[PDB]
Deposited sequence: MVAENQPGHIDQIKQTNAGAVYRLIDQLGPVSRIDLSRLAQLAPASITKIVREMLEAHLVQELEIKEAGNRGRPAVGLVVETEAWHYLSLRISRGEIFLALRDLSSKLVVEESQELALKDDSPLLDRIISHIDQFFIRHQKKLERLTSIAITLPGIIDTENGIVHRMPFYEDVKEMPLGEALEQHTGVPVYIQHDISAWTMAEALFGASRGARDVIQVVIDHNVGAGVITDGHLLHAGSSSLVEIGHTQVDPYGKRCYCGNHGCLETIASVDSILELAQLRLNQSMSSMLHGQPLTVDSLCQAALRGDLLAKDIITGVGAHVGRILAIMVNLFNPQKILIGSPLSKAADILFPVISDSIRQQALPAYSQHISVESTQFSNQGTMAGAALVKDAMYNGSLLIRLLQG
């Protein structure tokens, strides 16, 4: 197959989103040949991917599972999900960062560990999607460089893992994957244009225009993480000094809360969760740190609005807890700095999935079923 592949993944896309549709409806919507529709449909009907609501066709997802796992700083989160992406079981493990055994192989172990203990819940393995920070060659599944795990350098954690299981491996950058994952499931659903800022151990944001994720130079992902908001600040691992991600990064915000707690005001150790809660209650010291971030992000997200004009702005961060204090700041900024005709109908809202939800690969597998490069393999069983 070659066009039978996209031709197929189109009928599925129509039945996954518009179901229950009729054979006729499908030949009219996909604009493909009538007899060509009955063929594809019948194959899915036989391979148990779609079923007849007895005229009336609607995807079958329960019996098929995929492994969605995201690796973000010394933690690996593994979950089994439906082809609709409904989860079955989720679990968070560890990774230490430094170890006598490479990361490449430690990751494979967890996957084996996960499967063993959940071999009775697992059904038809279709694929595994992995999402992680770092420079990722997505079409080959090779992690080139990666934050947190110093010793990486060209890791074929996609090919070796594909052989060790025999199902496809889809690997995408953490933010990009998440952004579209939100766009199909949650928060920014029904928007062609979307800005999603992510603020955690590393700051960066993703954007969607017309209906496509924005890329640069080569793949050169959007790097608003390195936009000098402070002409001095600290030194950044990039080159400049005072990069957004030196003030807005959760780790900094916590180094700031600390090195500003040593000089009077808490009670329990200092964590992002305890910070937000303090600012939530009414503390002026934590509230000032949160507002401060929103001052900066806001400035940048201001010009990012005159460029894209999204229907939704989303903030992905453990700080979405302090929604009441941070967002208003970003909103003012965008309302005070971007064009009035744009900032009118647009509110800074929260991300629907945590920085830890396995739901980030939810799109990789959907893109696989739609583009056909999977519905064709599964067609065999």
* Mind pulling out the bits of the deposited sequence that never got modelled, as residue ranges from 1? => 1-10, 65-75, 287-290
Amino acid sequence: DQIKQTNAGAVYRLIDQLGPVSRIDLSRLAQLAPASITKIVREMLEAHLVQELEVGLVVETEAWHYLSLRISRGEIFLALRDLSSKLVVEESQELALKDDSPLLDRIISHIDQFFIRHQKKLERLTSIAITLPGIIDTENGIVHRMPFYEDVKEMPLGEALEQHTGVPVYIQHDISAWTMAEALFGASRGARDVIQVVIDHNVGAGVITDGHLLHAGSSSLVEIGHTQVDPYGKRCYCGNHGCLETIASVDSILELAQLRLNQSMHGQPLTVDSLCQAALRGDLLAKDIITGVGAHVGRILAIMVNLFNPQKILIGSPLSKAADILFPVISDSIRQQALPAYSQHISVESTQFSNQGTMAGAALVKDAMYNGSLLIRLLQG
From here on, numbers count along this sequence of modelled residues.
* Asked: Which has higher Cα B-factors on average according to the PDB entry: 31-39 or 324-332?
  -> 31-39
* Structure fact -> Entry B factor averaged over C-alpha atoms, 201-209 against 272-280: higher for 272-280
* **Residue, from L97, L132, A129, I300, that the PDB entry assigns the highest Cα B-factor** => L97
* Return the residue from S252, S188, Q172, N309 that has the highest Cα B-factor in the entry. => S252
* Structure fact -> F77: CA B-factor among chain residues, third -> middle
* To do: Divide the modelled residues of the chain into thirds by Cα B-factor and specify which third, lowest, middle or highest, holds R260.
  => highest
* **B-factor third for the C-alpha atom of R145 within its chain** => highest
* To do: Would you please rank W178 by its C-alpha temperature factor against the other modelled residues of its chain and give the third it falls in: lowest, middle or highest?
  => lowest
* Asked: Lowest, middle or highest third of the chain for the C-alpha temperature factor of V194?
  -> lowest
